[PDB]
């Protein structure tokens, strides 16, 4: 039996829902709460939480989907590198997460690269890539590495092990991203929210400390939350009270898994190999200081250090008609998309939001939301 049963008790969920309703009655206007975690959206939609909530309490879904926001340029670039490598005699084994594998671009996906005869393997984590590198010294093994802080930490750890053993056929195409900088940008570009449900797993890595500047700089109340429905319900309840009491602080509802300081070992490992840079967010634009690239001292671990390719200019981020940009910004839900459930489906997806496991569109589709 998994510890912390109270956090997944249906009876507790009922009382929290009832409590939220009461607090909302005496709410002056409307409260808009945003979360930036696909797992949170999954919890929310799967348990019909938006339905259980008062009319004046809205849960907005932010860009909490690392694959969705991976730029087209990088995906196509990895494809060109695969071709150029082969042409130059060097054979490469490419690893990628399952959803990124089917991510569309105006010139094909990694699945198309596979069908053209390239060794493209689906992995569940960077340690898989590592073993593959071990078992194939004669080949250059590269993992197209996307992900927020929670996925970047294991990448950092594995790079640390590779550098010690001096593994030389183990590379990555870094498209790692930072979450807080994206929340800041959304705040400044128009997404309106009065409270934030900070991502629980990302917070495990960067701690409550990693989110504090947003409250000190923008005066917005935050709750670091777990992923059980009660974790989210609790976070919503707490944000409402803070909003009503005019408080501006961060509450660590996920105290059981998140230290205030975060995971220092992970943090140092990340700082050792990566450096912050401005970066593109598919369908959203360029967010300053929001991405990670390998430091010069470690250029040898980045596959791009070994192959210069030129990605065709002007590749559109999305297919015509896709509102994944509005969905990612929390400005619209998948049901506000004319294509949702018709032209666009997991089977025949139009945009990245429908392909990704963490995609808000896939999540809505998967749980039969017809709305």
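Numbering follows the first chain given and starts at 1. What we label the rigid core is the largest C-alpha set whose atoms superpose within 1.5 Å from one form to the other.
Each structure in 4 other deposited structures of this protein is fitted to the shown form on the rigid core, and of 312-320 and 22-30 the C-alphas lie farther away on average for 22-30. Superposing on the core and measuring CA offsets in 4 other deposited structures of this protein, the stretch of 7-15 and 347-355 with the greater mean deviation is 7-15. Of the two segments, 79-87 and 269-277, the one listed with the higher mean B-factor is 79-87 (C-alpha atoms only). Look at the mean CA B-factor for 176-184 and for 190-198 in the entry; the higher one is 190-198. When the C-alpha B-factors of 325, 316, 346, 64 are read from the PDB record, the largest value belongs to 346. Of all the options 143, 209, 256, 131, the entry's greatest CA B-factor is assigned to 131. When the CA B factors of the chain's modelled residues are split into thirds, the value for residue 231 lands in the lowest one.
Annotation for residue 137: CA B-factor lies in the highest third of the chain's modelled residues. When the CA B factors of the chain's modelled residues are split into thirds, the value for residue 124 lands in the middle one. When the CA B factors of the chain's modelled residues are split into thirds, the value for residue 305 lands in the highest one. Ranked against the other modelled residues of its chain, the C-alpha B-factor of residue 105 as given in the entry falls in the middle third.
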